[PDB]
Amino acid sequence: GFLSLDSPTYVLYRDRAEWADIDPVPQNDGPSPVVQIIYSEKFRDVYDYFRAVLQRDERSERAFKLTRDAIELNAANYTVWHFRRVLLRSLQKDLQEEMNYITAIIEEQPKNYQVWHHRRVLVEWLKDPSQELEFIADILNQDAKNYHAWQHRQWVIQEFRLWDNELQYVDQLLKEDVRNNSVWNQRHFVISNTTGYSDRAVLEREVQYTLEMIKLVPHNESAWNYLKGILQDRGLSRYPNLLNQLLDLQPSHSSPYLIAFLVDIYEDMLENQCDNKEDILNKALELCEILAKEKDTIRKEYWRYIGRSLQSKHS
């Protein structure tokens, strides 16, 4: 018999007959309170009673229903969440019904740590991830960048080996918003954990795909960071053609991201005994000042550091 905390006929716990036997316990804030919250009476009421059942450790069905109200008043109260999990096991509650509850609470407050952790615990207890990818997909359809949602998704995928369709899901979301950095991250998460990037065919695929996205949206930093991220391992100077192919977009797709990437390629060329060290250095230094003075001034101190750093190293 759940009397919704929002129901028009909701009554304070101090006016409920089935709670008449217990005395609520007021919160001890001390004689000279600090950062004292002037709680609403509904809040005070629920927590004064939660505290009563907590202190005596009353593991009853009524305490259980009560934690639901305390959670709704403040979903971030982890002490309450802890007691609710204690009650779920003592009372032997149907965990699937609790899954329905957590599903609903997350839908309402998707940016709360506690609700996601609770869900994970339920999935672990049940050892059933059959509902996860779909549920998470629904949350991401509302906020494609919800950090907890993505973290839960990676946990589920890695814990139950559910890799098979994630790359396809990634492609879907990239089409929707090629600028979603969370998705580019998911892409690297799936690939590095399945095939890896050592597979030349795979790397080829990835670089080509990224270059195409860059052409479509030249100023999308995520695509650029992914291109740099997957090539930086072995070293940019390891791919001779890349420089030339980027040097061609110089007029067409010439954003400050391309300039910066060029300097990155030069940096690595110098570090790996490249040809024309005297020449490559001057180009690099040239771009560093163009970036510092014109194209990317918000980052002048960084580019000055780089040029000045490039000099001391390869003068």
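In case it trips you up, residue 1 is the first one in the sequence shown, and so on.
Averaging CA B factors per stretch from the PDB record, which one is higher: 61 to 69 or 250 to 258?
Between 250 to 258 and 61 to 69, it is 250 to 258 that shows the higher mean C-alpha B-factor.
Averaging C-alpha B-factors over each stretch, which comes out higher, 187 to 195 or 229 to 237?
Averaged over C-alpha atoms, the B-factors run higher in 229 to 237.
Highest recorded C-alpha temperature factor, please, choosing from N100, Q114, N244, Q109.
Comparing C-alpha B-factors across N100, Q114, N244, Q109, the maximum falls on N244.
Quick check for you: using the entry's CA B-factors within this chain, is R119 in the lowest, middle or highest third?
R119: CA B-factor falls in the lowest third of its chain.
What third of the chain, by the recorded C-alpha B-factor, contains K300?
For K300, the deposited C-alpha B-factor lands in the middle third.
In terms of the chain's CA B-factor thirds, is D138 lowest, middle or highest?
According to the entry, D138 has a C-alpha B-factor in the chain's lowest third.
C-alpha B factor of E221, ranked within the chain: lowest, middle or highest third?
Its C-alpha B-factor, which the entry lists for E221, ranks in the lowest third among residues of this chain.
Within this chain's modelled residues, let me know which third the CA B factor of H152 belongs to: lowest, middle or highest.
Lowest third, going by the recorded CA B-factors of the chain.
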